[PDB]
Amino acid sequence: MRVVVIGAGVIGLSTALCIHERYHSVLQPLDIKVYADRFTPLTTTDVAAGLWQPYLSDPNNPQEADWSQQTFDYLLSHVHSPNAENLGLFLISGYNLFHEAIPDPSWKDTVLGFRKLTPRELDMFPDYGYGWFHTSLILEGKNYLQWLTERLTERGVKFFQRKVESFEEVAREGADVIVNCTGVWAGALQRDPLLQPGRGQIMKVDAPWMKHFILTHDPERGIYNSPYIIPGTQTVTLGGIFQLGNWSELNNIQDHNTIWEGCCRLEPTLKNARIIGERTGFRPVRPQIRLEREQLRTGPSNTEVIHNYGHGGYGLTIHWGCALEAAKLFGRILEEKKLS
């Protein structure tokens, strides 16, 4: 049984790990390879601040809500493990700010100690008059991807720096199952009009007194098109750029100023923080995640493809659930081959 996983992002590696943890014992020849064009720290996952929070509105597929909750419980149960430092995982609390009162999220009971903002708390943010406060988790991709890589390598999973041209290309060379975790660039392997790039830009500043995250929201501008501040381990992430359909992997001066004046007005103490870096990424935007199988009628036989892409701006938040779901789908494939 030869499996080929396309994509070294959080979705590809975590999926590869789950599939191995669940079926390495029950498949004698379970050979898993990872074909990826870019590896950490050159993936969209590395640019993400890594905060756990789903979109404020309920998803078109309710399974995602379960996937988010499965991931949060998974990561939380290791927030205090000895190797939590290696995963880039830790607890963090912060504010969600609005202009007008809006309805509680569906994940109010997934995060810890969710509550409305006290009037005294809203006085520190004059431009906003309503919001929440809660404790959540940050899973920094740079560390998490490197941790996943060390586990896959010690499990015999080999890695190859290689751009896949088509699914048949992999099938022809012997792959039995193709796990498509190719993110925003998925259309190049099988055209998908629902997948589009949610371009984002962030800068990382040195502001170690920042102990809370501050996510601001403006329904007119769109989600994450508003200032936000997510303290990381070594640096503080400043963001608020969400440009749909822009394929420019290049830091734009205008967005730089947008991020700066927005966060400096939200946290005036930021004016005297040194800028450490700036990066751009593409949220794999899609009306809903595409986590499903597909029988590829290519060549003499059928190669089994399982898609996992289109996680938008919550890839780190749901990655575990999607991985477990993709592992299930892999299992169902084994039963149909009658080797389970």
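One-based numbering along the sequence shown. Just so we're on the same page, rigid core means the largest C-alpha set that superposes within 1.5 Å between forms.
Margin query: Which segment is farther from the shown form on average in 7 other deposited structures of this protein after a rigid core fit, 217 to 225 or 194 to 202, going by CA atoms?
Written below: Checking 217 to 225 against 194 to 202 in 7 other deposited structures of this protein, I find the farther stretch is 217 to 225.
Check: Hey, which bit's got the bigger mean C-alpha B factor in the entry, 75 to 83 or 200 to 208?
Finding: Stretch with the higher mean C-alpha B-factor: 75 to 83.
Checklist line | Residue range whose averaged C-alpha B-factor is higher in the record, 215 to 223 or 130 to 138 | finding: It is 215 to 223.
Check: Which listed residue, 92, 188, 101, 195, has the largest C-alpha temperature factor in the record?
Finding: The record points to 101.
Next item on the list: Kindly indicate the residue among 285, 306, 275, 42 with the greatest C-alpha B-factor in the PDB record.
Entry: Max CA B-factor in the entry, restricted to 285, 306, 275, 42: 306.
Next item on the list: Would you please rank residue 120 by its C-alpha temperature factor against the other modelled residues of its chain and give the third it falls in: lowest, middle or highest?
Entry: It falls in the top third of the chain.
Item checked: CA B-factor placement of residue 262, once the chain's modelled residues are sorted into thirds -> Its C-alpha B-factor belongs to the lowest third of this chain's values.
Checklist line | Within-chain third of residue 160 by Cα B-factor, per the entry | finding: It belongs to the lowest third of the chain when residues are ordered by C-alpha B-factor.
Notebook entry, point to check: Going by the entry, which third of its chain does the Cα temperature factor of residue 181 land in?
Noted result: CA B-factor rank for residue 181: lowest third.
Check: Among the chain's modelled residues, which third holds the C-alpha B-factor of residue 31?
Finding: Within its chain, residue 31 is a highest-third residue by C-alpha B-factor, going by the deposited values.
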